[PDB]
Structures are given as structure tokens and as C-alpha cells.
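Participant: For reference, the structure I am asking about is given below.
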Amino acid sequence: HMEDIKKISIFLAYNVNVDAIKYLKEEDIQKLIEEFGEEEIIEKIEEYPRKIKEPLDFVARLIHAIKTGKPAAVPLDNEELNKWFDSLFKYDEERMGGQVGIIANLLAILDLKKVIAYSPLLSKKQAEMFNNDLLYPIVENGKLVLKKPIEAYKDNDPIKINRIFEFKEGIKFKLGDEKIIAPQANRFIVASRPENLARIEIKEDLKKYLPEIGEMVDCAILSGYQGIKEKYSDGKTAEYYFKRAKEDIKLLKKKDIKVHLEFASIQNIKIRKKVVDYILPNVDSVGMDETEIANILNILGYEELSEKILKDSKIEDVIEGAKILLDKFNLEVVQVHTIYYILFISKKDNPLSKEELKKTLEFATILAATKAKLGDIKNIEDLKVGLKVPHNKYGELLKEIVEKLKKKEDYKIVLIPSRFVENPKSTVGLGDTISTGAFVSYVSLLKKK
Ligand SMILES: Nc1ncnc2c1ncn2[C@@H]1O[C@H](COP(=O)(O)O)[C@@H](O)[C@H]1O
């Protein structure tokens, strides 16, 4: 369990935010009903507002989402309503949000050699969420300077905050003559994609220093493409920002680094196709689940294979879909993870051995089990709790099937069962945790060679 991971430097971009979370109870929803009126809410629920313009909009959309138990996200109509919303519906706790912020703080906890995180906005309240060991790129006096986020914040900068409302399964309240029971625990999110506050991009002053960043770094993890809009009020489009994102990878890759992408669940099929066209063909590693790999194969035209994966979920079909992704997009490794297993596929000429790829995946299952059972990771010593979680029994059966499948190839295929937690404290961002552990451990073993 010796960690060669600490010898790795990494760059992260682009999405960082603050998560203000409210843990709802029956008493909280009852107070909203009395304050705003049972009859006005019912009338508003039939209206089904697309955006929240008055406090009654948030109340109606929240109750509507609890009734279905399905996730829902509704933005505020205007950014000038932020202070009014926060003073009206107070939070329980604030913490770091976003794929960059969460993973960077975790990598800083794991004593990585150098962790450079970048985000467009850096207010004082946001810069205090970062770990003190993190570094933020700044241009001053015509040179690239890495300084700590608390020493590089800006007072005039806006802040991006996601207001999250969690409700447990079976929360019961009465609205009118209807009795409402939550069929499933879920989250209702009040958040906005960046426009007129910031943009998903590396600013023009830092773009000339991306190759210099790629020299002092071993690998990069890029995320946040789901926040790009189709059109913008100033006249810019998604193509404008996806082209520049393609430029950032090319500038970073003028030096020898590995770039990793975690395939996020993007509802917009048009932005999802942009990530397949602009980002995926230009990175070196990709991680996803069974649902997203079927979405990718569907975009590539393998509709017959996409339907088999979503309907039956047999490992032999998922393996065949990952081999299509590997050969088409100049990738080095494809990683597929579920609740039962995590699959790893590389080409035959990969410098790592079969047993080394297993050790890479064994670290990913320990880091994931720790976060699922503990709910959060605050110290390196906490990994011993994830070690206590035994392997999935059904995944051991899948492992034997993969060994037998190799009866007659140019691929290194490794399967390992996942350390499943029966009663996890949380499940948000667990896919980013497994994928980061596998990629970071994979870059470690390549560095030894
Ligand atoms: N109770 C659990 N114990 C361990 N791992 C889990 C548990 N629930 C979910 N996971 C992992 O979380 C991943 C979710 O990633 P995603 O759906 O891509 O965000 C799954 O593929 C599982 O590997």
C-alpha cells in the first residue's frame, strides 16, 4: 500500500463553486406551506415555472420534485436575486463544490507533490474553501507565478453558489386534500450555468503559459463542459468555447503529459455531442459508467450495442464497447465503473503489466469505499476504513467470466470487484472519486518505468 502517488503533480480546470446545502425535514416543508399558502402553491405547481422569479416559484418546484423523487434543477431568473434567496431560505452548511474544487482538495489531502487548480472566479469567500497547499496560476510582471488561493483572491469578483436541498425517502406532508410521500431520496438544486458572471474558459492572459504549465506537471484532469451553453446573449456560441477548450489541451500537450476526462451526465444532447467531437478525440484517458458509455456508442452510431448495454448490462457487451472507444479516439486507457465492478482496458503495447493495472484499480476501490462509508475524506489515515470493506461477491463471478472470455488479442483487459458499502453516508460525486484514483494511480506506475 506504499504510495508513489505523492510524487505526482497535476493541473485541474475549470469548474469551482460553493455548495450551500439544506437538509430538509417534515417541519421545514410544513412551515413553507403555511407561510405561502396551500392554495397558492397548488395553483403555482400547475403553472410549473421554468425559472424562479418569486419565492413561490421555488416552493412549487421543490414540492413538485419531492412528489416524483426524481432529481430537478431550476435556475434563478436573475443573479440580482441571490442575496434575497439566501436571506429567505437559509442553508445548514457551506463547503467546496465543483469537480475541480472537490478533487483538488482531496489530492492536496493525499500529499501530492504539486496540485495546480484553476477557476475563472476567485472571491475571498471562495478562496477560503481551497486547501492551503493548492496553487493557483497568476500572471504578473509578464511571467507565470504560482501562489496560494488566499493570496490571489479578488474582492470585486462575483461568487458562484449552488443551493442544494436534500430530502430523505418517505418524508410525509399534506398539501390540500393530497397526502404526499417521497418515493425516493433525492436532491433539488438551484443553480445557474455561468453567463455574464464568468465563462468556462482559460483567460487570454494565461493561455500563452499553458505549455509552461504542462512542463512542470505530469497529468491533467479537465471538467466542467456541461456548463457551456448553446447560445449566449453577447452573441457567442458553444462552438466558440469548445474550440478554445480544444486549444487548451493542444497547448498543454506540447509537453509530455496525460490528460484525463470523466464523462459527466449531460442532459443536453447537443452539448454532449460537442464533448464527443472536441474533447474526447484529444485526451489520453476517459472514465465513465455503463449509462454514459451507451450514450457515447449511440452518438457514434452503435445503436444496437447501446440498447444491449442499457437493457441487459452484460460485461461482454460493455467490454466490446470500450474497445471501440479505445481504438477510435487515440486513447490510451478506457475505464468503466459500476456498483459491482470497475473495468480497465488498454492496448497491448501499454507499458504497464496486467498485475500493475490491477494495483491501479485496487487503489480506486479503496478510495471510493472510504468516501462512501465515511461520507467524506479528511485524512490519509482514513483509507484504512475503506480497506475494511470487502469485495463484492458478484464482481468476483464477473472476474472469472473475463478470465474465461480470453480463450483466443491486442488488448490488456483487467476486471476487479468493487468494495460495495451497503449503507453509504453519501453518493454524490462518487464517480469522480473512483475515476480520479484510477487515473492518478495509473500515472504513478507509468512514471516508475
Ligand atoms: N454504496 C456504494 N459503495 C461503493 N461504491 C458505490 C456505492 N454506490 C455507488 N458507488 C459507485 O459510485 C459510482 C457512481 O458514479 P457515477 O454514477 O458515474 O457518478 C458507481 O459506478 C459505483 O462504482
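A note on labels: chains of the C-alpha cells are A, B, ... as shown, every chain counts residues from 1, and ligands are counted from 1 in their shown order.
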Collect all residues with atoms no farther than 9 Å from ligand 1, counting only C-alpha atoms and all ligand atoms, and output them as number ranges by chain.

Facilitator: A: 262-265, 287-292, 336-342, 365, 368-373, 418-435

Participant: Would you please extract all alpha helix (DSSP H) residues from region 29-58 of chain A, as assigned by DSSP on the backbone, and give them as a list in words?

Facilitator: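 Alpha helix (DSSP H) assignments inside region 29-58 of chain A correspond to residues 29, 30, 31, 32, 33, 34, 35, 36, 38, 39, 40, 41, 42, 43, 44, 45, 46, 47, 55, 56, 57 and 58 of chain A.
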
Participant: Name the residues of region 151-384 of chain A that come out as strand (DSSP E or B) in a backbone DSSP run; write them as a VMD selection string.

Facilitator: chain A and resid 161 to 167 172 to 175 178 to 181 186 to 190 219 to 222 231 237 258 to 262 285 to 288 333 to 337 341 to 347
